[PDB]
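Only one chain is given next, in structure tokens, and it is the form deposited in one PDB entry.
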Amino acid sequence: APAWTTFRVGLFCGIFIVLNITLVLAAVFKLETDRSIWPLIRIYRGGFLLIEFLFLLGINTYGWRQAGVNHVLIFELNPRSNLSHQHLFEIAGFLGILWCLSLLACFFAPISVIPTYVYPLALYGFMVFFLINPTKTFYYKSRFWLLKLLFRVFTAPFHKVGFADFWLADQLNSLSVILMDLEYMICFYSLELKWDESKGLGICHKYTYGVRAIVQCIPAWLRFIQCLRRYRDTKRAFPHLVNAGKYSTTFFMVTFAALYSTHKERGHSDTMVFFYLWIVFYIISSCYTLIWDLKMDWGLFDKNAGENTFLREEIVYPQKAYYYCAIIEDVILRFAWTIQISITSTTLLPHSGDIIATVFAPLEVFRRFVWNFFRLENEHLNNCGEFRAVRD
């Protein structure tokens, strides 16, 4: 832990805090209600979810190291250049500083020639260049390893599924809103954005051509084909085929939701029955993911709970109240779709679904943030698939 690393963590976090405060006041007074900020909020939602994911990943690394979860061995990392929690904090703070600066430029641009729609383009271009620049520049080993995983994950059936690919595909399943916002940005730039004044002022926000449904299922599709690939590599259907069923429930939920969204303008009487199908399949998917979590993912609700009631018999975390709060919050957050459909169906507030998605996306990232702790703890305690050698 070099002194300048912690200094950069604190420096970036302090600049981040002051910039978030400045953003809040700028939105309160400086921002004008005439321009619609929904495309802006979606693009910067993708960015902010990435930054929040990096912060929570640093917290996860901190918890794993101070609890005993040997995530270095689980992730198959070299124990020489493994990224510490502080380094993830610098990455998150750096990208958050550029996020805040780009958003502030979108609020007020202190340049007369440079337009506003380039600031997000420049921001995400800097993210991509930071990820893929060939030179041995900032954190070269980390992003090279991440780029290798990003290549292996998106071409899943042709590579043997190790733990790193699984884990990253699950994080992508949590961060599907980032892919959603990337697709929305591309569609908005190519079709709706008038390259004249700004990005303020929609044929890309809905499922008109069904492309967004494909983007929704892309993480689910990768996980599904990884389960099938693991079936081919090891003929054992009990974990893998049921997990693939768990992801195909997501497939069915997404396609029925898209079908209802398309049919709401068609006027077909089958719209109501498609809504029924979407609701029941959302129930099935929510219970399927929740049960899989608490049983096979976290390993809780074991038959050998003992003193640790409603839990397993080895516990590495200090307080069990963490476990019970995690179980509960998992129940609501997996079933948060019930809350969202209730508020979007019992109210007539304009652009309700956009607000609901905007607030519940960080809650989904937080849900996977909590999921990481107990999934990796379960893996550290007893092997689940991707070890095949020892318990550790």
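Note that residue numbering follows the sequence shown and begins at 1. Heads up, when I say rigid core I mean the largest set of C-alphas that superpose within 1.5 Å between the two forms.
One more form of this protein, deposited in another entry, exists but is not displayed; see below.
Checking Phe251, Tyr317, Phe144, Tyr207 for C-alpha shifts of 2 Å or more between the shown form and the other one, after the rigid core is superposed, gives a single hit: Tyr207. Once both forms are overlaid on the rigid core, the distance between the two CA positions of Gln66 between the shown form and the other one is under 2 angstroms. Comparing the forms between the shown form and the other one on their rigid core, the Cα displacement of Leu348 reaches 2 Å or more. Taking the rigid core as fixed, one finds a CA shift for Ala357 smaller than 2 Å between the shown form and the other one. Panel note: the distance between the CA atoms of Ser285 and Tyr207 is larger in the other form than in this form, the difference being 3 Å or more. The pair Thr338 and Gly47 approaches in the other form: their C-alpha atoms are at least 3 Å nearer to each other than in the form depicted.
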